[PDB]
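The structure under discussion appears below in the form of structure tokens.
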Amino acid sequence: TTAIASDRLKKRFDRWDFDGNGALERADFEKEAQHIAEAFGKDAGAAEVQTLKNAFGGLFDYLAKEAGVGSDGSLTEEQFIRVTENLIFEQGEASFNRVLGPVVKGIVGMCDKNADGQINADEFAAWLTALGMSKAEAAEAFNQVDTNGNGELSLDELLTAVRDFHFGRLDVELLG
Ligand SMILES: [Ca+2]
Ligand SMILES: [Ca+2]
Ligand SMILES: [Ca+2]
């Protein structure tokens, strides 16, 4: 049954590998948050960054548990796809928001100098360009995510666009 899905999820594996161990560990999540905070040209060991990293940590827990390995174990490529698949398909709605909520949230906190808890087009663009996206890409991705066409991207509409690269990538998830 696998065809185009393999390619998309396959690269995502080799696309990360912080240390290049051939697996996914928790320490890989910690560097991520840090590696990101820097992209916004700000602190490192501050609170906003510590918060995000703090959230990213618990995210691994779900993997070790669902995968059945350990908080200090590792997941293979074939494992990622199998477990990832269920995450996108299986799993409860509140399940993705529960474990990922604090992960995506931490990012919104740094991506808001007004403290409103929402992602405005001016905020979204700032992040897309931060990861290596063009100014024209943000404007396009923004409208695609605004499910309610209200002009504001809330945490809800955030995850939706985020996890949706399986079939015909639209936003390209977090990585970019
Ligand atoms: Ca790794
Ligand atoms: Ca805001
Ligand atoms: Ca919207």
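Residue numbering for chain A follows Swiss-Prot; the residues present correspond to positions 2-177, in that order.
Going by what the header records, the deposited coordinates were determined by solution NMR.
From the backbone N, Cα and C atoms, a Cβ is placed for every residue, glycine too.
According to Swiss-Prot, the Ca(2+) 1 binding site annotation covers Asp18, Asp20, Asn22, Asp29, on the basis of sequence analysis. The annotation Ca(2+) 2 binding site is assigned in Swiss-Prot to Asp113, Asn115, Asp117, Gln119, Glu124. Feature annotation from Swiss-Prot assigns Ca(2+) 3 binding site to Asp147, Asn149, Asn151, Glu153, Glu158. The domain 'EF-hand 1' annotation in Swiss-Prot covers 5-40. Per Swiss-Prot, the feature domain 'EF-hand 2' maps to 45-90. Residues or ranges marked as domain 'EF-hand 4' in Swiss-Prot: 134-169.
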Remaining residues near the recorded Ca(2+) 2 site, that is with C-beta within 8 Å of the centroid of the site residues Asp113, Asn115, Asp117, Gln119, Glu124:
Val109, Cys112, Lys114, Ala116, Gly118, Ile120, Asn121
Since the record lists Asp20, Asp29, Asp113, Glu124, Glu158 as binding-site residues, which of them has the fewest other Cβ atoms within 10 Å of its Cβ?
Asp20
Determine, from DSSP, whether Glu124 (Ca(2+) 2 binding site) sits in helix, strand or coil.
helix
Anything from the binding-site residues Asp18, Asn22, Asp29, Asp117, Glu124, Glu153 with its Cβ under 6 A from ligand 1? List those in sequence order.
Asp18, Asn22, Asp29
I'd like to verify something. Among the binding-site residues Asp20, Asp113, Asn115, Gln119, which ones have a C-beta closer than 6 angstroms to some atom of ligand 3?
none
Hey, how far is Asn22 (Ca(2+) 1 binding site) from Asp147 (Ca(2+) 3 binding site), Cα to Cα, in Å?
38
Do you know offhand how many angstrom separate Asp113 (Ca(2+) 2 binding site) and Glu153 (Ca(2+) 3 binding site) by C-alpha?
13
Summarise the domain 'EF-hand 2' (45-90) by DSSP state, stating how many residues are helix, strand and coil.
33 helix, 1 strand, 12 coil
Which of the three DSSP-derived classes (helix, strand, coil) applies to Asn115 (Ca(2+) 2 binding site)?
coil
Secondary structure content of the domain 'EF-hand 4' (134-169), with strand meaning DSSP E or B:
19 helix, 3 strand, 14 coil
List, in residue order, those binding-site residues out of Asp113, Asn115, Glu158 with a Cβ under 6 Å from any atom belonging to ligand 2.
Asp113, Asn115
Closest to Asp29 (Ca(2+) 1 binding site): which of the binding-site residues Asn115, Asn149, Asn151, going by Cα position?
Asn115
How do the residues of the domain 'EF-hand 1' (5-40) split into helix, strand and coil according to DSSP?
25 helix, 1 strand, 10 coil
